[PDB]
Chemist: 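One structure, pasted below without further comment.
Both counts, for ligands and for their atoms, begin at 1 and track the order of listing. Throughout, residue positions are numbered sequentially from 1 according to the sequence presented.
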Amino acid sequence: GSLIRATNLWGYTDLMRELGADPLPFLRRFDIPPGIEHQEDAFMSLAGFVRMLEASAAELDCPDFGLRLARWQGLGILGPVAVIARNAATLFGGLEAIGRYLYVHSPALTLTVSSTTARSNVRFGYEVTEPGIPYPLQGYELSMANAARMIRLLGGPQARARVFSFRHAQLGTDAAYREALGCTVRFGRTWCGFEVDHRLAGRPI
Ligand SMILES: O=C(CCC(F)(F)F)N1CCC2(CC1)CC(C(F)(F)F)=NO2
């Protein structure tokens with residue numbers, strides 16, 4: 001089964017404590033080594049991680065778990081791939097380098113970067129593909145809240161996607177999504193990801 005960089009666990013302990021829950025029984029349940037959160041260059045089971053996020057959200061009645069966990073994460077969780085991104089010439093180049101090398105973060109993640117004459121914007125379509133996992137709802141929300149953070153780091157602090165899209169229906173509150181994502185958020189759609197207009201995409205880092 002695919003691994004994912006254990007930086008994607010950053011904040012797990014802190015958030016679980018914030019919610020009054022003990023993180024250790026969850027980590028043991030999903031076969032995530034305790035302490036791996038703070039072990040640089042370590043990697044964890046993607047399947048165990050996505051299931052743990054679901055379990056945390058369900059059992060603590062925290063529908064915005066993944067959105068909230070992003071506050072401890074952002075671009076730095078990409079480790080070597082962040083170094084590459086920050087070195088690009090423009091926001092488009094930084095995001096497209098993340099896409100090219102996202103397998104280094106996890107082989108189960110695919111980013112498709114597309115622009116067409118027929119539609120506005122550059123689209124960043126995102127997929128988690130791993131044999132046998134439940135649909136990773138909390139994982140997708142964590143991924144998009146992280147992406148909004150990456151856009152602000154690479155694009156400057158007023159930078160925003162034009163839209164975020166999810167495959168699932170809205171779970172958390174309107175306020176939760178607006179605070180994490182900002183822009184227009186579309187739910188229940190055929191694709192997951194975000195779009196950036198060409199003005200922003202062309203902005204130098
Ligand atoms: O949080 C995750 C993955 C979480 C989960 F594994 F899917 F559960 N990230 C960070 C964001 C992203 C995927 C992995 C998307 C992205 C970009 F450039 F599109 F904005 N870079 O890394």
Chemist: Going by atom types only, do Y126 and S143 share a side-chain donor-acceptor pair under 3.5 Å?
Modeler: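 Their side chains do contain a donor-acceptor pair, which is all the 3.5 Å distance test asks for.
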Chemist: So which protein heavy atom does atom 5 (C) of ligand 1 come closest to, and at what separation?
Modeler: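 Here the nearest protein heavy atom works out to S143 OG, 3.6 Å.
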Chemist: Report the part of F124 in contact with ligand 1, treating N, CA, C, O as backbone and CB onward as side chain, heavy atoms under 4.0 Å; options are side chain, backbone, both, neither.
Modeler: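 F124 to ligand 1: no contact under 4.0 Å from either part.
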Chemist: Under a 4.0 angstrom heavy-atom cut-off, which atoms of ligand 1 come close to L46?
Modeler: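 The atoms of ligand 1 under 4.0 Å from a heavy atom of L46 are 6 (F).
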Chemist: Among all the protein's non-hydrogen atoms, which is closest to atom 9 (N) of ligand 1, and how far away is it?
Modeler: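 Here the closest protein heavy atom is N8 OD1, 3.7 Å.
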Chemist: Between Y12 and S56, does any side-chain donor sit less than 3.5 Å from a side-chain acceptor?
Modeler: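 Short answer, yes.
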Chemist: Taking the side chain as every heavy atom from C-beta outward, state whether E127 and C192 have any pair of such atoms under 4.5 Å apart.
Modeler: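 Counting from C-beta outward, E127 and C192 never come under 4.5 Å.
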Chemist: For atom 6 (F) of ligand 1, what is the closest protein heavy atom, and at what distance to 0.1 Å?
Modeler: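 So the nearest neighbour among protein heavy atoms is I4 CD1, 3.2 Å.
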Chemist: Please lay out, stage by stage, how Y140 and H168 fare under the test ring-ring contact (aromatic ring centres under 6.0 Å, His included).
Modeler: CA-CA 9 Å; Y140 274 122; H168 56 270; 7.1 Å; no
Chemist: Between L137 and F65, is there a side-chain heavy-atom distance shorter than 4.5 Å?
Modeler: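 Not in contact.
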Chemist: Should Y140 be listed as contacting ligand 1, given a heavy-atom distance under 4.0 Å as the test?
Modeler: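 Outside the 4.0 Å threshold, so no.
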Chemist: Would you mind checking which non-hydrogen protein atom is closest to atom 16 (C) of ligand 1, with the distance to 0.1 Å?
Modeler: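 Scanning the protein heavy atoms, the shortest distance from atom 16 (C) of ligand 1 goes to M150 SD, 3.7 Å.
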Chemist: Would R123 and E195 pass as an ion pair if we require N to O under 4.0 Å?
Modeler: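 Counted as a salt bridge, because a side-chain N and a carboxylate O are separated by less than 4.0 Å.
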Chemist: May I ask you to identify, for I151, whether its side chain, its backbone, both or neither come under 4.0 Å of ligand 1 on a heavy-atom basis?
Modeler: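 It is neither part, as no heavy atom is under 4.0 Å.
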Chemist: Counting distance only, does the side-chain N/O of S165 pair as donor-acceptor with the main-chain N or O of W191 below 3.5 Å?
Modeler: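 Yes: the side chain of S165 pairs with the backbone of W191.
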Chemist: Check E179 with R68, please: is the shortest side-chain N to carboxylate O separation under 4.0 Å?
Modeler: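 Salt bridge: no.
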Chemist: What are the atoms of ligand 1, with element, lying closer than 4.0 Å to any heavy atom of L111?
Modeler: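 Answer for ligand 1: 19 (F).
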Chemist: Starting from atom 20 (F) of ligand 1, find the nearest protein heavy-atom neighbour and note its residue, name and distance.
Modeler: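 Of the protein heavy atoms, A147 CB, 3.4 Å lies nearest.
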Chemist: Atom 13 (C) of ligand 1: which protein heavy atom is closest, and how many Å away?
Modeler: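 Ranking protein heavy atoms by distance from atom 13 (C) of ligand 1, first comes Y126 OH, 3.5 Å.
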Chemist: Nearest protein heavy-atom contact for atom 18 (F) of ligand 1: which residue, which atom, what distance?
Modeler: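 Result for atom 18 (F) of ligand 1: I98 CG2, 3.3 Å.
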Chemist: Among the heavy atoms of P136, does any lie under 4.0 Å from an atom of ligand 1?
Modeler: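 It does not; every heavy atom stays at 4.0 Å or beyond.
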Chemist: Run the salt-bridge test on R29 and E59 with the 4.0 Å N-O cut-off and return the result as yes or no.
Modeler: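 Salt bridge present between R29 and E59.
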Chemist: Among all protein heavy atoms, pick the one closest to atom 8 (F) of ligand 1 and tell me residue, atom and distance.
Modeler: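 Minimum-distance protein heavy atom for atom 8 (F) of ligand 1 reads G139 CA, 3.3 Å.
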